[PDB]
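Report on the following structure.
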Amino acid sequence: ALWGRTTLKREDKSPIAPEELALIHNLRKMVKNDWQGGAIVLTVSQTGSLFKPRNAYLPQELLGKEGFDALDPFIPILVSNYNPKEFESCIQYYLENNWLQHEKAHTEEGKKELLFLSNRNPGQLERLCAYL
Amino acid sequence: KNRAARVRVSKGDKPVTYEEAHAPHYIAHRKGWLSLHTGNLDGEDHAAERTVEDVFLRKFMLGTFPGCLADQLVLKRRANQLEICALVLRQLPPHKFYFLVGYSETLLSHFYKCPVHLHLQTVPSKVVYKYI
Amino acid sequence: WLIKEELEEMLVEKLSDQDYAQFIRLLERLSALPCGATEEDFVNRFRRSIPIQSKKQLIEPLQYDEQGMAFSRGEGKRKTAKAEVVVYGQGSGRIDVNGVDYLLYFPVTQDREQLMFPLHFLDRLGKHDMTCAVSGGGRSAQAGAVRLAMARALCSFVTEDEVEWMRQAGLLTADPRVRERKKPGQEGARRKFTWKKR
Amino acid sequence: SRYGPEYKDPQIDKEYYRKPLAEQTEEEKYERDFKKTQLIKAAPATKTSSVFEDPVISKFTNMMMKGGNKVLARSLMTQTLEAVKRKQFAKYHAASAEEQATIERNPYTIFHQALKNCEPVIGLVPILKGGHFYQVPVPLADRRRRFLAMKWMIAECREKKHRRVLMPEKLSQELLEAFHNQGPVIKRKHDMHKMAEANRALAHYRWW
Amino acid sequence: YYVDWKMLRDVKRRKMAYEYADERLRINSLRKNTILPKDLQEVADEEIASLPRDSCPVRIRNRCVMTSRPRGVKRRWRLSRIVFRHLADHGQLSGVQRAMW
Amino acid sequence: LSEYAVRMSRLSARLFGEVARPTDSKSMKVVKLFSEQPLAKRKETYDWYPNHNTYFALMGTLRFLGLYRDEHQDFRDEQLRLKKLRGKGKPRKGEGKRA
RNA sequence: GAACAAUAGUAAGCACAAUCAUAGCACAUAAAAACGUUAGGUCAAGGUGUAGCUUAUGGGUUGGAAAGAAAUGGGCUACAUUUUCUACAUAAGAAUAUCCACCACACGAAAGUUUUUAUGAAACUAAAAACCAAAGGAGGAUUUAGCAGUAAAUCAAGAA
Ligand SMILES: [Mg+2]
Ligand SMILES: [Mg+2]
Ligand SMILES: [Mg+2]
Ligand SMILES: [Mg+2]
Ligand SMILES: [Mg+2]
Ligand SMILES: [Mg+2]
Ligand SMILES: [Mg+2]
Ligand SMILES: [Mg+2]
Ligand SMILES: [Mg+2]
Ligand SMILES: [Mg+2]
Ligand SMILES: [Mg+2]
Ligand SMILES: [Mg+2]
Ligand SMILES: [Mg+2]
Ligand SMILES: [Mg+2]
Ligand SMILES: [Mg+2]
Ligand SMILES: [Mg+2]
């Protein structure tokens, strides 16, 4: 959201750069790594973005030329879906809170189905267990 | 009631050619096309020209061979030449038939500026498909 | 028995419905008694045999490719959508449709459930690994297409009895329902222009 | 009707096909099913082998749907079930062990029970006699009654909410109020029942 | 004889419009251009509005060629809808047929 | 956008023979006007009609030379003959109104 | 002018039916649908009978054809929350006729006013902006359509 394109407009209807914004201009200085004693942990996003396609999760696509070039050497940590153990643990956590109220959700069947429909993606699994 | 190009049922005595006994919805199903030329195909040109030419040929032939025309004309167009093919009643002496063949072919050749062939098929009486 | 048409062809004569009926009833009376040899031969001119009745499918021969074992193919068609699905028996559960994950390509729950139907039906839900090519139609039509194709591909891996089960669940039949043509003088292929009485 | 009358409806149930060996008449029956060389309609997109799908929830989903939006109506249903769920989880933790034994947290059972309570017993049909239209008490088929319930629910939680208020909110409210029999829907059911008693004499005009 | 006086009018129109096409084009070049000064363009304006009124193409009508009908024409055969049907239904239009689907 | 890109583009146009110097949207029409065949010049336009004079004249003459036979014109004739006989004809020019 | 356990009916023909089309079946749809009925519609598609005009009821040129007291048909867009805006495919952020003291203000502008643009010899024609934001808060008697890939909603292309 720092180096991207901005939706907000002047009364001229003319769009404004993210540079033009005081909050962004200053929040840019905080990421430049000029200083000592600190650590900047960042997250590149889709869900809230602007002008980015829905299927783009990759850092250089979301950040663009400006973003990735002005972002310097950084550590690219990848966040993936639940593995079998993570998944089974989350399901068990829901059962412990008795948040799965469907009679057949206590079977192995129910687990195979939730695993398939959610592709054991955490947000998707939460959505599927919310109305269940 | 659709009336187009139909020969209505009479008291049951009416002689009817194979052509006349088939209503327009049978074209390309049972009876075929009285003309053939490239013009109506997808990517092709000068349909209009060939249509007018056609109309004039039917009229012309009908007037040049009075009373002896059996069925409607057949017009085949191939690589710049038109072969007209006709069903003719035997009325005239072959003198008059050859006179008119030559006269026509030359006349139309000079009119439409392309080689014109004329093919006469001779018939005792109107071929009868139905009733009668 | 012969049809009336056949009998009518065998006597070189027109017949009536009650005629045909009479005759057939008589042959019935005949066959219901002790059958002589010349009698059996007699009534058997009036026999025809109805051709093969079996609806059993034609199993795709399973296929072994480039040191890889056990992959089968199937092709679904639904409503302007075509789908070609290749399934590997040797893999874990995942599905790649047009080179991407099936959770990405089919955002809607309903379509993922459609893709799930045949596997969940055969309890193969963890055991197979599939690649797909689907074109045309909308999202739901594509889900339907892949559904059918997947179903048809999984028939190589399963027992002949479960094939009959999938058919009886309506998994193996193409869905004939397709968009009707709009008709001139109407609005919607059924919907009519508003009709004013007076 | 792109299917000839020859085509039978499919049976989606997995349990039916998995455990055949204990039933004679049914073995004979589905033997006659497939062996009849019987054609089968292709299983519809809505219906699944899913262990999670309630045909009543799906019907309701459909009756809620405007235009062609399943996505939107399935959204609103999903959200409503989640909302009833969380409303009851709220009512559970602010309660005491007795009421923690009493209160129902399964949104499905709540949906069902709330519909069973809201379905009318008896009904009214207009009958013309001597140039007058009398309203007459008529016994109703099961399907007609379930329909009347669902339709009344949706009609109310479409119509009577304040425009600021979202659908899954109002619907979860009315589901829970009809669970306990105090909902306006139930008042409608009673208006019918009372109109049916007021006219009970006219029950003679019914010829069927 | 053209089938109708109107058709005659139209023939004339197409002739004139063919004749002055070059003048009209050359002038409307000037007229449609931002690069030249307005003073040239006003003179050029009177220039093209000087030209005979029946030389301008918008005054042309595509008419049925046999029957002279002013509308209900199909451009490809230059034929009235009625005459078109009359030819096609006797099957004198090659490759044309009723449509079932 | 750069100066490099613009120099490149100018070179591309000059090479392929498209418009060199920058023009308005409104002026490009001029190029269009000379790129095309002006509407009144297309054979679909000035040649639209068959010449009806040539068809009518030629087939009339060929009727009088007794080659072509026109039943329509014959019908018209015989009707007209029978009409002048019955006494209703076409008035010689100038005669009808005042007389 | 039939009775099938048959009592006076045979009948060719045309319709129906069958086939053909919608690229495999099937189903559906399309197409087809006689004889007649309504002196139904059209002399202005063209052609024509009868009767009419002929220095005109014919042929040309130039310019005009307005308009809304009122009534009404069919559509379009709406009246919003299953909504409106922006991003974007379907997990987002915001707006939300009411807040409150005070404006301001939700949904609805397809209408008008100004400025542009396209086409054209000619702009009155169509389109895009900016301003403007009205009636409309789901409609009386009475009414139309639809049996499934239909109704409903959404998108696109073509003919001239
Ligand atoms: Mg519709
Ligand atoms: Mg005329
Ligand atoms: Mg025009
Ligand atoms: Mg007969
Ligand atoms: Mg067929
Ligand atoms: Mg059929
Ligand atoms: Mg029809
Ligand atoms: Mg038929
Ligand atoms: Mg009349
Ligand atoms: Mg009239
Ligand atoms: Mg006339
Ligand atoms: Mg009006
Ligand atoms: Mg209309
Ligand atoms: Mg507004
Ligand atoms: Mg809007
Ligand atoms: Mg202009």
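By order of appearance in the structure tokens: chains A, B, ..., then residues from 1 within every chain, and ligands from 1 in the order shown.
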
Using only C-alpha atoms (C1' of nucleotides), determine which residues lie at most 9 Å from region 71-77 of chain G, disregarding the query and same-chain residues fewer than 3 positions distant; provide the list as a list in words.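 Residues near the query, excluding close chain neighbours: residues 194 and 196 of chain C; 110 of chain G.
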
Can you tell me which residues sit at most 9 Å away from ligand 14, counting only C-alpha atoms (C1' of nucleotides) and all ligand atoms, written as a PyMOL selection string? chain G and resi 105-108+133

Would you mind exporting the chosen residues as a PDB file, in the first residue's frame, restricted to N, CA and C atoms (P, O5', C5', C4', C3', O3' and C1' of nucleotides)?
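The resulting file, selection07.pdb, is reproduced below:
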```pdb
ATOM      1  P     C G 105     -25.769  17.971   0.092  1.00  0.00           P
ATOM      2  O5'   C G 105     -25.880  16.403   0.340  1.00  0.00           O
ATOM      3  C5'   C G 105     -24.810  15.695   0.953  1.00  0.00           C
ATOM      4  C4'   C G 105     -25.307  14.509   1.740  1.00  0.00           C
ATOM      5  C3'   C G 105     -26.399  13.707   1.066  1.00  0.00           C
ATOM      6  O3'   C G 105     -25.925  12.862   0.044  1.00  0.00           O
ATOM      7  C1'   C G 105     -27.007  14.078   3.305  1.00  0.00           C
ATOM      8  P     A G 106     -26.984  12.157  -0.923  1.00  0.00           P
ATOM      9  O5'   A G 106     -27.266  10.772  -0.185  1.00  0.00           O
ATOM     10  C5'   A G 106     -26.183   9.942   0.209  1.00  0.00           C
ATOM     11  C4'   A G 106     -26.657   8.553   0.512  1.00  0.00           C
ATOM     12  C3'   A G 106     -27.438   7.886  -0.609  1.00  0.00           C
ATOM     13  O3'   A G 106     -26.619   7.252  -1.578  1.00  0.00           O
ATOM     14  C1'   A G 106     -28.707   7.794   1.349  1.00  0.00           C
ATOM     15  P     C G 107     -26.764   7.624  -3.140  1.00  0.00           P
ATOM     16  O5'   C G 107     -27.376   6.314  -3.811  1.00  0.00           O
ATOM     17  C5'   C G 107     -27.574   5.111  -3.080  1.00  0.00           C
ATOM     18  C4'   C G 107     -28.930   4.519  -3.373  1.00  0.00           C
ATOM     19  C3'   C G 107     -29.494   4.799  -4.754  1.00  0.00           C
ATOM     20  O3'   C G 107     -28.939   4.002  -5.786  1.00  0.00           O
ATOM     21  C1'   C G 107     -31.172   5.174  -3.140  1.00  0.00           C
ATOM     22  P     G G 108     -28.710   4.648  -7.241  1.00  0.00           P
ATOM     23  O5'   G G 108     -30.086   5.371  -7.570  1.00  0.00           O
ATOM     24  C5'   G G 108     -31.158   4.644  -8.146  1.00  0.00           C
ATOM     25  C4'   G G 108     -32.301   5.548  -8.534  1.00  0.00           C
ATOM     26  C3'   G G 108     -32.004   6.590  -9.598  1.00  0.00           C
ATOM     27  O3'   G G 108     -32.053   6.064 -10.919  1.00  0.00           O
ATOM     28  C1'   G G 108     -33.175   7.597  -7.803  1.00  0.00           C
ATOM     29  P     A G 133     -29.590  21.008  -6.840  1.00  0.00           P
ATOM     30  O5'   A G 133     -29.197  19.546  -6.361  1.00  0.00           O
ATOM     31  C5'   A G 133     -30.187  18.683  -5.832  1.00  0.00           C
ATOM     32  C4'   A G 133     -30.855  17.927  -6.944  1.00  0.00           C
ATOM     33  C3'   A G 133     -31.567  16.638  -6.549  1.00  0.00           C
ATOM     34  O3'   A G 133     -32.902  16.897  -6.116  1.00  0.00           O
ATOM     35  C1'   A G 133     -30.178  16.278  -8.453  1.00  0.00           C
TER      36        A G 133
END
```

Would you mind writing down, as a ChimeraX atom specification, each residue of region 1-87 of chain E that DSSP on the backbone assigns to strand (DSSP E)? /E:73-74,79-80

7 Å contacts from chain A to chain C using only C-alpha atoms, as number ranges by chain: A: 112, 117, 119

Write the selection just made, keeping N, CA and C atoms, as a tab-separated table (two decimals), in the first residue's frame?
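After the write, part.tsv holds the following:
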```
chain	number	residue	atom	x	y	z
A	112	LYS	N	-12.45	-35.81	5.97
A	112	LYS	CA	-12.07	-35.92	4.57
A	112	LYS	C	-12.74	-34.81	3.76
A	117	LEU	N	-12.85	-29.74	0.68
A	117	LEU	CA	-13.53	-28.49	0.37
A	117	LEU	C	-12.70	-27.27	0.73
A	119	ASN	N	-9.33	-27.43	1.06
A	119	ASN	CA	-7.96	-27.69	0.60
A	119	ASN	C	-6.98	-27.44	1.75
```

Using only C-alpha atoms (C1' of nucleotides) and all ligand atoms, find each protein or nucleic acid residue lying at most 10 Å from ligand 16; present the set as a list in words. residues 31 and 32 of chain E; 117, 118, 119, 120, 122 and 123 of chain G

Any chance you could export the current selection's C-alpha atoms (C1' of nucleotides) as a PDB file, in the first residue's frame?
```pdb
ATOM      1  CA  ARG E  31     -12.456  21.510 -43.826  1.00  0.00           C
ATOM      2  CA  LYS E  32     -11.709  18.571 -41.462  1.00  0.00           C
TER       3      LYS E  32
ATOM      4  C1'   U G 117     -16.898  14.931 -29.496  1.00  0.00           C
ATOM      5  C1'   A G 118     -18.631  11.517 -33.637  1.00  0.00           C
ATOM      6  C1'   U G 119     -21.397  11.646 -38.628  1.00  0.00           C
ATOM      7  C1'   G G 120     -22.723  14.924 -42.189  1.00  0.00           C
ATOM      8  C1'   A G 122     -26.193  21.211 -43.393  1.00  0.00           C
ATOM      9  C1'   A G 123     -27.220  19.020 -36.438  1.00  0.00           C
TER      10        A G 123
END
```

With only C-alpha atoms (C1' of nucleotides) as the counted atoms, please give the residues lying no more than 12 Å from region 4-7 of chain A, apart from itself and same-chain residues fewer than 3 positions off, as a PyMOL selection string. (chain A and resi 1+10+13-21+24+44-46+48-52+60-68) or (chain G and resi 85-87+93-94)
